[PDB]
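A.B. asks: quick one: initial chain(s) of a complex, as found there:
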Amino acid sequence: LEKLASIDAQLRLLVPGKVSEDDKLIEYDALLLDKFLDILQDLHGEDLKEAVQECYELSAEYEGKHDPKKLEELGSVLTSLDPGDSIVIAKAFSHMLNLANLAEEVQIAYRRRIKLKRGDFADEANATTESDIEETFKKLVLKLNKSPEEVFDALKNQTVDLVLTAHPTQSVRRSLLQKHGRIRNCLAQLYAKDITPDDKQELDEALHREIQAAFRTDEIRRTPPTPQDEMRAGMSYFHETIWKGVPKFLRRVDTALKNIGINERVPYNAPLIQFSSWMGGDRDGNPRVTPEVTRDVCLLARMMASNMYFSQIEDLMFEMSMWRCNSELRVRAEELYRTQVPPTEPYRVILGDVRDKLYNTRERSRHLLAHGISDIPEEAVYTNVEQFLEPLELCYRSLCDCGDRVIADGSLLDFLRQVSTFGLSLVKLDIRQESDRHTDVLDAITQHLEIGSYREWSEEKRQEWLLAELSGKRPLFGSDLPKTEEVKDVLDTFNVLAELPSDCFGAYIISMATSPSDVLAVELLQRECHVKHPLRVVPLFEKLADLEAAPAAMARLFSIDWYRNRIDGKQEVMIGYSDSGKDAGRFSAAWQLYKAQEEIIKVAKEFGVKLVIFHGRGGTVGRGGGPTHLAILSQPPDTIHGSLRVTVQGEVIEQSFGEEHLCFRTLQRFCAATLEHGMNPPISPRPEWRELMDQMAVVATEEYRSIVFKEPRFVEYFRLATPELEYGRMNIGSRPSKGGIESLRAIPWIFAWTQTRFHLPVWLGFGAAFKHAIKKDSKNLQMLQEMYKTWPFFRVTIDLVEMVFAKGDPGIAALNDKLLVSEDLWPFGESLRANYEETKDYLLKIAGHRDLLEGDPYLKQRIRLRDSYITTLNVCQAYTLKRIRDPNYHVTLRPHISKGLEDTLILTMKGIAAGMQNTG
């Protein structure tokens, strides 16, 4: 009848909880698990529930003592399941994990903020202590001597651009987030103080039902989804929380402003917040992302957006019942009426006409998507956001003129902000393609023209030629140009950019950029494919050597008159932490990128160019939560200067935007941190620190490279101990290599090692670095410790690695070796595990910590509560990999318990990924 107390007590044995009336995470997990076990019993029988229970207990005992025999006990239960039973159990543990995450969201959403606080930079690393927008304003006036008018001014001119990217292991379906949403809402509401008995009986029932609906929305799908479908799923968070969150956060900004003495509101059309997207735009090493895919996602964006505006304007129309207007609106209303509402309701006549334009904008888009042709003419549709804003501006003005500003400042204002923030699509699409592919197009052209081979030319020649053609008097090539399939694909992409309207797009990112010709090549292609409004061109520098030359590259570009004129004082450059870390190791990349950004800003300053750094995946700003706040504050001085552009990693998007409070705090912290930084850079490092970082980077890079690139048996080891081959072949997303580790892409590199709980890519090299700093001079420990206490960059860098170790378990990696790796390679695995421990030890000593995450007990608890579930998936995954790979491995199967191995593997890969979220 009542097992809720036993589940709760076994959880609390695993976590020494807390008295706080806000700490209820363990209660939430108990309740969710209890309901879930009941469901399992109802659907699959007591015996199956019992088996799930059996596996959980074994995992619990392992997370207690860490006796590795428990993993083999769990193994022998898991390997003895027919594949139908295995699927149900892998699905159970997967679902318990998701539930644990939902519980976490609710806990974070309602945790009390701390009132008394030091106001130093460590407060900015946690949701509970970080500065909200009013606190940041007040800090700037008080501690940095800014007039409120100055703070207001900075804020009006500030942009934060969040760039949405593909979930690496497939995005959750839109209907599943709504279910999740309802589970969270029922969970929140069962603990409200405001309500009675029966309401709770009903919430209990609602929650039970919703845990079940979620579990049975589980269709089994080896064959991937189209990039169009993956884009739709990625766009779900707009309907869920972003659409309302934006106006809600802007209203908070307004209140913060009243409270520091500024009586105005942020203008509705100040572009504080923008969203961009990569989904259907990034084709770098991904030929499923075709020209047609791009054309489609831009149409889908347009369709979704206008569908939202269409539906919202109906609500606005209800509200705008008022009859008093200025004469300017009167005139307009009467015109429209003369060409189905009364004229005594003038706002409704205007908004009704906007509604039809929006309906038209939406049907035109759908037609073009389904057929290429629409009977709906462009004249009857919105093609620029200002056409849509104008009549809304007219309403606003008319209301204020009549004395009803207060009304204008409600729903109408929310709407102006939505329109202005989201514009006609909800996101602008970046295109990304690798520079070789541009070279190939250009070599096809030069060879056709019989003037030689662009590939063979030196860099000085490439520039000389590209500039001569960018002011050429004469087109380069036609349709009759002989093209490989790949070259046709690059050209057809540019033709899409020419055809489609410029408000669909943002950046053309060049992967593997290294020279000025890389950027000039794209400028020429765009001009020659007749892109009337060329996308800005953004180089992505990947390797350490490429980051070293980046500054000179940008100096050259800027000193070219054509390009300088063309760029109109703005340039964006992209960095990719995971990418650079794959080349030199994480530590060395972190340092190089700090320096790279200082150096590129210096060069921009010199040429009078405004420089925007676009943060790609793997940086500490990608963590989400409080840690994102300190991460922003820790950027090098002047590297934001009013413009934050940052990747929202798909594996972090739910946590960041799925729950409405969290979404609000995410937007808040991006605005707060950006504003503060531009007026309050972090401390610049001491010379001694720089010098030590340079020495440490050399050593760190040497360790990492000698293991990852010069150990001849490394790739072999990697392919056995890691599910990277099976991630590739069951392709979850893109496709894994472009050869060895040079050839492998960042995401698969991280994912392979996250799946084994070993995380090599995040920590390798730090151990050599610290060890060597300290042997060289024992005083370096103190300096390292001081850097941790007082240099934000360094704090933040260590904290991310510390978090990754909290998600680590070398016991799991050892089990994979035992099962999957040949005995000859075992000492190699064991030395890599010795390196993990040694690296971890040094990290703890530098942070002044006895255990992992001592500074962040809330995060410690969250991670520890996930581990029981993830661990079962890991053991299941290891033995499933053994069965797939080795046909001659068999065990006695149990008789079927409930009422394909590849399917199990897909399920465990996604679960472990849902559990590990962000690492590097």
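C.D. replies: Perfect, thanks for sending it. Residues are numbered from 1 along each chain as shown, chains lettered A, B, ... in the order given.
A.B. asks: what's near enough to touch the most centrally placed residue in chain A?
C.D. replies: In chain A, the C-alpha nearest the mean C-alpha coordinate belongs to residue A:649, at 1.5 Å (Cα atoms, centre = their mean). Applying Cβ atoms under 8 Å, 6 or more residues apart in numbering to residue A:649 gives the contacts A:165, A:617, A:622, A:918. C-beta coordinates here come from the backbone N, C-alpha and C atoms, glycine included.
A.B. asks: gap between it and residue A:161?
C.D. replies: 15 Å (Cβ to Cβ, to the nearest Å).
A.B. asks: ditto for residue A:320
C.D. replies: Relative to residue A:161, residue A:320 is positioned 32 Å away (criterion: Cβ to Cβ).
A.B. asks: The stretch 451-600 of chain A: helices as residue ranges?
C.D. replies: For the stretch 451-600 of chain A, applying DSSP state H, counting those that start in this stretch gives helices covering A:459-470, A:485-499, A:516-528, A:544-558, A:561-567, A:577-584, A:586-606.
A.B. asks: Quick check: which of these is nearest to residue A:442?
C.D. replies: Of all the helices of the stretch 451-600 of chain A, the one in closest proximity to residue A:442, counting by Cβ to Cβ, is helix A:516-528 (5.9 Å).
A.B. asks: List the contacts of that closest one.
C.D. replies: By Cβ under 8 Å, 6+ apart, the list of residues contacting helix A:516-528 from outside reads A:435, A:438-439, A:441-442, A:459, A:462-463, A:466-467, A:469-470, A:475-477, A:490-491, A:494, A:497, A:508, A:510, A:513, A:534-535, A:537, A:539, A:553, A:556-557, A:560, A:563, A:566.
A.B. asks: Can you tell me which of these are buried?
C.D. replies: Among the contacts of helix A:516-528, those that count as buried by neighbour count (16 or more other Cβ atoms under 10 Å) are A:435, A:438-439, A:441-442, A:462-463, A:466-467, A:469-470, A:476-477, A:490-491, A:494, A:497, A:508, A:510, A:513, A:534-535, A:537, A:539, A:553, A:556-557, A:560, A:563.
A.B. asks: while you're at it, add chain B from this line:
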Amino acid sequence: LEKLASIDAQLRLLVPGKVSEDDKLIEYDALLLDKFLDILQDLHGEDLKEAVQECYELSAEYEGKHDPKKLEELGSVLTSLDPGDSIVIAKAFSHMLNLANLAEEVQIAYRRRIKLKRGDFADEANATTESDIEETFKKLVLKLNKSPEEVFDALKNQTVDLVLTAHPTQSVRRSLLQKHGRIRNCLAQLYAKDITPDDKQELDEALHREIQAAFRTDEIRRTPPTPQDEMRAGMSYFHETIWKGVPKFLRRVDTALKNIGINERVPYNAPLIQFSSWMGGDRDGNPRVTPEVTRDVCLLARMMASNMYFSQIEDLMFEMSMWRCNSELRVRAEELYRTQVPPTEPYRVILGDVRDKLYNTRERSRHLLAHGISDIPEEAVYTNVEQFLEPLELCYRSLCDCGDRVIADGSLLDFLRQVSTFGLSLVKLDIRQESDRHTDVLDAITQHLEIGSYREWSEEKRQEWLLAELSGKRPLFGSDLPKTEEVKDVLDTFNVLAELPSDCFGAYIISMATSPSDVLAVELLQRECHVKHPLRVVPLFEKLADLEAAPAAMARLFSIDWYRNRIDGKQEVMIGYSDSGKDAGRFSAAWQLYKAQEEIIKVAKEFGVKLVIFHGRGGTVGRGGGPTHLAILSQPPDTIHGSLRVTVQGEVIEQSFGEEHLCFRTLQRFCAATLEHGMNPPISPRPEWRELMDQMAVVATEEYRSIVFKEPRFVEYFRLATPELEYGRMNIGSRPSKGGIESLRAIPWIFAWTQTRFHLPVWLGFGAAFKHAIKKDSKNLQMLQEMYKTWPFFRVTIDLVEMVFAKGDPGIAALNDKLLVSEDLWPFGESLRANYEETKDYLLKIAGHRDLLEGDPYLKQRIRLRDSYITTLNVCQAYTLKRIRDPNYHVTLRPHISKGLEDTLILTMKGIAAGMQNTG
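C.D. replies: Adding chain B to what we have so far:
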């Protein structure tokens, strides 16, 4: 800066408040007023705010001491306003009043229920103590020895039919209720314990803004709205609260059932709840309600309903992502797919097809409304509710078959209940017409045929003839029948009933019914106008003499074979409390109707007919709130027998259904009380009581009639002291007479006297009755007191009159006399006021009360808080009536203060009506 405390302290001086953490009404009023005064100042200037403040203080002092000089002080401020200033001030007091009412709704919504209670019938007269559905179940099992299975059974077979009617002084616009809704929601949320500082800053701002939006949604409209427009406005509460409230209440019933040991749910298609409507159907004394109007409202009903189902099914479709179905659904899905979703989502394929049918059903209806013709064929649309239910039943079954009943029992089940409760329209329309109009049609027919004059025939002849024609072999008349306009209008109404589908309609009510021929006449007309499925015919007995003969009338009908066969064991009869009270006075009508219902039930029993009493306006069941609960329990034994049909008076509908909690409790109490009564009738009166009531009724009727019909100067007095002539001429709704008071309609009779705060129609006759009972025999006081303590009917009857006196102020009626009535008629007014006081005194002594509403302090406080505002409107109204009626009356006007007299009068009439709500 802070006047909130002065407003609050001046209110609390007027009401000696309470410590209860739930009693916040006075705080709510303070806050709402403070924000409102600020708005007035911003929009109209300090001086205008000051004037409103000045008028409020004078009204406050009057409600304190009741010095009548204060009314003249207020008068002299009000009469000195140019008409533009007068409009703004009347609008201010009107808006403050509405605000006071919103505050009240919130107070009632969140007041704590009382846990310990006597469980006697007085507990059922208040929201805080009344029985909910679980308590009623438990009472029936425990105190009446019913098995839960029996209780379940009674409930499955029970119907409650709430019949929506026209607001007597015009329905609030749909957009204004939404605003109201938002003001309430902001008010509730400012006192939530669950939230922080800034949230409140924002709610403050939201509330201020919404009070302003409401104030400026105020267009000035002498020219009435069409009956179609008045029907649309009446239907607003479906979107607001009823649409969700129904499934929500049915789910509560399910929980109550689990909790008394019944594991089933009420079947989704048990018709526990139904709504009907009169709007566009009642034409009795109202020629604006034409055949075309009726045709229209049935189309609008159909349109609205299908628009709601269409929009809701989209949500349901999102939820129904599941892939497991039974084979029956599989087959169907694949068929539909073969004729735009994947087939792996079978519920969505079914629901999508339902969605298109719903869209079609909705466009067909709109076309027919706008043009008479639709290209959309009937085959592609729903014409019967079962066509719509079938595919939903299929989903339900399929889910249960696959083990997912728990899922079926969520949103799908809510939807089945909505569909089944609301059906294809949301309401079925009654038609009502007066019996003379039928006689005229029949006389036109007999004269045409040259067989004499139906009007001239006796009742025995009329029946003989109507029965001969109802089994006639030969049609009565054609199109070439010569018709007056009125006769054509009655025929064309029947032709509408023939053309339109039978699910649009319910009852054909015959006003002024008195004989069996009245009912047989309509049966014949329906047959001869070719109504394939005739509406049931329902007689409305109005006069005392008509109620006396009603039983014999029904005995005759039932003993006629044709009619008996035709009626298939069911008959509805309607009673109209206000109507009968206009003929004989309220007391005498109350008693007659108790007896009438006993007698008609007796006759039905004898003939084996199931009898449904339809309660028209003015009864104690129309009060709303707790009092509706005891009122139902107090019906005579066996007079409900599983079927409650009751009028929801337009002047009570906001209070009953505007706020979601109140809507839920309204549905609850109708179900609770109906179920209990059928198993637990009230005590039948003692013989001594009957005898005393008969003696008291004679005397009560004689007093009332001698004043209202035999005093030759009464009508003259009535037309001077009352705004009834101006209610008529500025027609707010219907139109006032059909002559004298016989000729005047109930609603205008009540409204005239409610506007003067005198309420003559509710209390007159009670005084003579009680006085005479007590002089005859001093022991009668004790018996009267005992009847009050132990006979529910009597309690409830006195309580309604007591409530009306709480809304009374003879000081106001005296002011009207002084200003509007000629001096010769002043002693007449003064004797009527002497009668008020004497009647009130006796009422207090019988109830054992020292002051009005001592038994109901919550209601006492609510009424007292309204009075300040209503009183200002009353004084304004009195002097405005003086100006309209007397051109030679003038006063010095103030210079204009802010930055038509008929308009002011409309405004004061509506305000006083919004303030007085229900009386008789």
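A.B. asks: Quickly note the distance from the residue nearest to the centre of chain A to residue A:563.
C.D. replies: With the distance defined as Cβ to Cβ, residue A:649 ends up 32 Å from residue A:563.
A.B. asks: By proximity to chain B, which residue of the stretch 801-920 of chain A wins?
C.D. replies: Closest to chain B within the stretch 801-920 of chain A is residue A:899: 9.4 Å, counting by Cβ to the nearest Cβ.
A.B. asks: Distance of that residue relative to residue A:695?
C.D. replies: Distance, residue A:899 to residue A:695, by Cβ to Cβ: 64 Å.
A.B. asks: So these two - more neighbours on which side?
C.D. replies: Shown here are residue A:899 and residue A:695; by other Cβ atoms under 10 Å in any protein chain shown, residue A:695 has more neighbours (15 against 10).
A.B. asks: I'd say the more buried one and residue A:773 touch.
C.D. replies: Yes - Residue A:695 is within contact range of residue A:773, at 7.1 Å (criterion: Cβ atoms under 8 Å).
A.B. asks: And the residue in the stretch 301-450 of chain A that chain B sits nearest to, its phi and psi?
C.D. replies: Of all residues in the stretch 301-450 of chain A, the one sitting closest to chain B is residue A:321 (4.2 Å; Cβ to the nearest Cβ). In this entry, residue A:321 is assigned phi and psi values of phi -80, psi -10 (degrees, to the nearest 10).
A.B. asks: That one reaches residue B:174, doesn't it?
C.D. replies: No - checked against Cβ under 8 Å, the pair residue A:321 and residue B:174 is beyond contact range at 9.0 Å.
A.B. asks: The residue nearest to the centre of chain A and chain B: what is the separation?
C.D. replies: Using Cβ to the nearest Cβ, to the nearest Å, residue A:649 is found at 26 Å from chain B.
A.B. asks: now that residue: how far from residue A:793?
C.D. replies: Applying Cβ to Cβ, the value for residue A:649 to residue A:793 is 20 Å.
A.B. asks: now for chain C, put it on the one above:
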Amino acid sequence: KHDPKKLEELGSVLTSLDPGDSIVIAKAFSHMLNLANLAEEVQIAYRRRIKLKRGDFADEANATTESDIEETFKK
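C.D. replies: Next up, chain C placed on what we already have:
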């Protein structure tokens, strides 16, 4: 349930005690009873008075509804 066999079950456990054990058990139950009474006193001491009440003589039969001295004066 009021199954009378339970009294004899209890009997057979109680009659089988040496007199030293019997004393200690009778003393335990005696003390548990006193404890129960102390708990009752605390419950009655802090139970909330009921604000809304009929003001008839039945209210005077319970601590929670009876009239205090001010209510009696006012009455």
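A.B. asks: just to revisit the earlier point, okay, the residue nearest to the centre of chain A and residue A:578: tell me how far apart.
C.D. replies: As defined by Cβ to Cβ, residue A:649 lies at a distance of 10 Å from residue A:578.
A.B. asks: just residue A:432 next, same as before
C.D. replies: For residue A:432, the distance to residue A:578 - Cβ to Cβ - is 15 Å.
A.B. asks: Quick check, the residue in the stretch 301-450 of chain A closest to chain C?
C.D. replies: Counting by Cβ to the nearest Cβ, the stretch 301-450 of chain A gets nearest to chain C through residue A:410 (39.6 Å).
A.B. asks: give me every residue that touches that residue.
C.D. replies: A:319, B:206, B:209-210, B:213 (Cβ atoms under 8 Å, 6 or more residues apart in numbering or on different chains).
A.B. asks: Residue A:655 now?
C.D. replies: Taking Cβ under 8 Å, 6+ apart as the criterion, residue A:655 is in contact with A:101, A:105, A:624-625, A:662, A:917.
A.B. asks: Buried members of the residues you listed into ChimeraX, please.
C.D. replies: For the buried members of the contacts of residue A:655, the matching ChimeraX selection, counting by 16 or more other Cβ atoms under 10 Å in any protein chain shown, is:
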select /A:101,105,624,625,662,917
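A.B. asks: Could you list which of the contacts of residue A:655 belong to helices?
C.D. replies: Within the contacts of residue A:655, membership in helices is found for A:101, A:105, A:662, as judged by DSSP state H.
A.B. asks: Which single one of those residues is nearest to residue A:895?
C.D. replies: The nearest member of these to residue A:895, counting by Cβ to Cβ, is residue A:101 at 34.0 Å.
A.B. asks: do you know how far the closest one is from residue A:916?
C.D. replies: Computed as Cβ to Cβ, the residue A:101 to residue A:916 distance reads 11 Å.
A.B. asks: follow-up on the earlier one: closest to chain C out of the ones in helices among the contacts of residue A:655?
C.D. replies: When the ones in helices among the contacts of residue A:655 are compared for distance to chain C (Cβ to the nearest Cβ), residue A:105 wins out at 37.6 Å.
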